[PDB]
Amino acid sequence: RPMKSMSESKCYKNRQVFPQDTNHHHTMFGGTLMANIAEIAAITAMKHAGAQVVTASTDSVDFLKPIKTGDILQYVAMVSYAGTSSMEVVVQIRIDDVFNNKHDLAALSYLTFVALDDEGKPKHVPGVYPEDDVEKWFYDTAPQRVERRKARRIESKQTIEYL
C-alpha cells in the first residue's frame, strides 16, 4: 500500500576493471561481475525494504559485451517489482567510455530478494512505481518474469526432492 519510486532506492557503483579481475585474455571474469551485481543489488533491496534482506535467487545474468582490462563500469540497480514480501532487483551494467562519452550495455541481471524482520520471517515491503520510460519498461515487463520464475520454482522443488 505505501509506495516508493524506483529512483528512491536506486544504487550506483562505478568501478575500474583491474588485471586481478580478468582472465589471461584480458576479459573480466564472470564470477567477479556477478559478485559485484549481488552486492549492489542487495543494497538497493535493503534501501527499498528498509530492512535486512536475503537473496532468494539469481533469476538471470546476460553477458552482452565482453569487458576488457581498464574499462570503466557503471552498475545501476533498482527495484522493478514488489511482491508481498519480495523484490525483483534489476541491475544494468554499462561500459562507460570517457574519451567519447558513450555508454554501452555490457550486462543485464535480475535477482529476487526477500525482506526479513528482526526475527527473520518475511516482512511486507512497500510497492514500487516508475517515473521515466526505462523504469516504465522494466516495471511493465516485470509480470512476465514473475510468472516464469514461479514455474521454475515448481521445477526446482521437483529436482530437490528427487535428489
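Don't overthink the numbering: it's just position in the shown sequence, from 1.
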### 20-28 set against 7-15, stretch whose average Cα temperature factor tops the other in the entry
20-28
### Message
Per the record, averaged over C-alpha atoms, which has the higher B-factor: 31-39 or 99-107?
### Response
99-107
### Task
Could you tell me which one of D117, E131, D62, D59 shows the highest CA temperature factor in the PDB record?
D117
#### Entry: Where the record places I93 (Cα B-factor, split into thirds across the chain)
lowest
### Message
Ranking every modelled residue in this chain by its Cα temperature factor as given in the entry, which third contains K136?
### Response
middle
### Summary
Temperature factor at the Cα of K47, chain-ranked in thirds, falls in the middle
### Query
Taking the C-alpha B-factors as the PDB entry records them, is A77 in the lowest, middle or highest third of its chain?
lowest
### Task
Give the position of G127 by CA B-factor within its chain, expressed as the lowest, middle or highest third.
lowest
